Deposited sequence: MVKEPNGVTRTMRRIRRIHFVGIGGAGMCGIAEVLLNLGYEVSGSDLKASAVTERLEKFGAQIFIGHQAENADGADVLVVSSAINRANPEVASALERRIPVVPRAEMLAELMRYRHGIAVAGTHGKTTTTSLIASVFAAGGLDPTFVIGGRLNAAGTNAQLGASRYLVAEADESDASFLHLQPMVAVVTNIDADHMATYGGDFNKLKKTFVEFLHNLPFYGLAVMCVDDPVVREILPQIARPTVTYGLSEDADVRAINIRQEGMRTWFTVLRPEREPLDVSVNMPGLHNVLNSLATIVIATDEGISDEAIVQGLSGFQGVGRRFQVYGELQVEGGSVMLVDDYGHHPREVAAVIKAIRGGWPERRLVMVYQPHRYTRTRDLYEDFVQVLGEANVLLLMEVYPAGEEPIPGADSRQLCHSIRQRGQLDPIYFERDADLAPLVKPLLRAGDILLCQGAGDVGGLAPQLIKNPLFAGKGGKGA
């Protein structure tokens, strides 16, 4: 099923997805009420761009991506049983094409994703990453999705949470913010994180913050390879000798079968220590050098 049509393709949450789909070799079309430098760039990359809203624009589409069900393109598709997918659902689908790193947890997804992208780029890898629903690739010279790697926040309040297919998954922590997504029941919310980590392939990797008592409780249920991290004495990957020099936080990272590595980050708080530990677990498992880790962490603001 080769042809994908975006209604409102100039939206800031929509153009990135189309660009990645163009990069994967799909035929991509889109409509929007006005031409912009965004549609122009998508056309330069191979997208067919309509500047009206009319049923004829939906012709030939195998799937629609939308972010108004009375809109005539959507109706024409619905009446023709063409699948109509929400933007968030197609975003999560992109992870199947790449080596996906899913950053889950109630808090710290945004920073931990940016740090991972920061270190991987220091290692030459130019990853694509998703913050706030936007596809990104810091300083890239290429179409979104060029990199083998795709780092993304994985929000448990998101309808697509359990349809991510990552190779590696972080769980920073598990809070009760989104109980209402799960019937108002924190125990139902914990069971979803267990199911989420079981979307990993058996060769995948789950990166678990055992400083969180709720992460620590579900850890023995995870039939996937795991590395634990935190300040806890029993974490696989730990931070010790936390210190401050200026607006910068220093600490020593302990890692199994490695010498201790002094790192530093420009952001205060134990939570950014933990964001950096999670990043260090990912980077190490992937084979990235200490120089890239050290540089990636200290480069970020």
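Of the deposited sequence, the ranges 1-14, 82-84, 319-480 have no C-alpha coordinates according to the record.
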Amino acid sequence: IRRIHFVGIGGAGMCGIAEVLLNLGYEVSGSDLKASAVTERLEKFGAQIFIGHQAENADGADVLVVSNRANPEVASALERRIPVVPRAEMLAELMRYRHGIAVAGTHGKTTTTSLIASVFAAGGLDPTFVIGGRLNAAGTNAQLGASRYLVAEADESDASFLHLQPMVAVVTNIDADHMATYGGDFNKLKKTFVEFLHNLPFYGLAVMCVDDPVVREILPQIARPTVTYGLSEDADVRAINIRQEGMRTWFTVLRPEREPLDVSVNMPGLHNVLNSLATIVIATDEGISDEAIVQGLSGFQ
From here on, numbers count along this sequence of modelled residues.
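Where the other entries of this protein model the residues before and after it, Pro72 is kept in all of them rather than dropped from a third. Note: missing coordinates for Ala180 occur in a third or more of the other compared entries bracketing this position. With 133-141 and 102-110 compared on mean CA B-factor from the PDB entry, the stretch scoring higher is 133-141. The stretch 26-34 shows the higher mean C-alpha B-factor when 26-34 is compared against 271-279 in the entry. Highest C-alpha temperature factor among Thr226, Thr181, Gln165, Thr172, as the PDB entry reports it: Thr181. The entry lists a Cα temperature factor for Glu73 that places it in the highest third of the chain's modelled residues. Placement of the Cα temperature factor of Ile49 within the chain: highest third of the modelled residues, per the deposited record.
Ranked by C-alpha B-factor against the other modelled residues of its chain, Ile116 falls in the lowest third. Ranked by C-alpha B-factor against the other modelled residues of its chain, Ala292 falls in the middle third. For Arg80, the recorded CA B-factor ranks within the highest third of the chain. Only modelled residues enter the ranking.
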